[PDB]
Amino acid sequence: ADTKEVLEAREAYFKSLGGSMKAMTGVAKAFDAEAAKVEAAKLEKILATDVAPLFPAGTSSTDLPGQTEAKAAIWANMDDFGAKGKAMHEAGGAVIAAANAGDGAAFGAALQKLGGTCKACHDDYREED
């Protein structure tokens, strides 16, 4: 694709996810049902973004040095990359459901699971440079 925009788009998407994770961690530390539901509503919209089109072949850190942290491995293991993304979506759905139920204990436990999915993908597909 016209490389510039996909790189901006996916970085914006992950940045918003990071912000969401940061806010929900604070809520988990001091559970408040209304704060949890507000963050969940935001996360719900973020998770609706289809990022597949944002990862066209040829946009790795090897192809565009210093402009992205996406490892070439992503395109070498596309099915796994998609599997890891689905795991996050599922874990994220579980967090939203917990927040909407107003269950603090379920919210915290679900948040840990979501965090694990960020790490699982980062470990294999994101540059640590």
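Don't overthink the numbering: it's just position in the shown sequence, from 1.
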| item | value |
| --- | --- |
| Between the two ranges 64-72 and 46-54, the one averaging a larger CA B factor in the entry | 46-54 |
| Stretch exceeding the other in mean C-alpha B-factor - 108-116, 5-13 | 5-13 |
| Most elevated Cα B-factor in the entry, residues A87, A101, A40, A94 | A101 |
| B-factor third for the C-alpha atom of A36 within its chain | lowest |
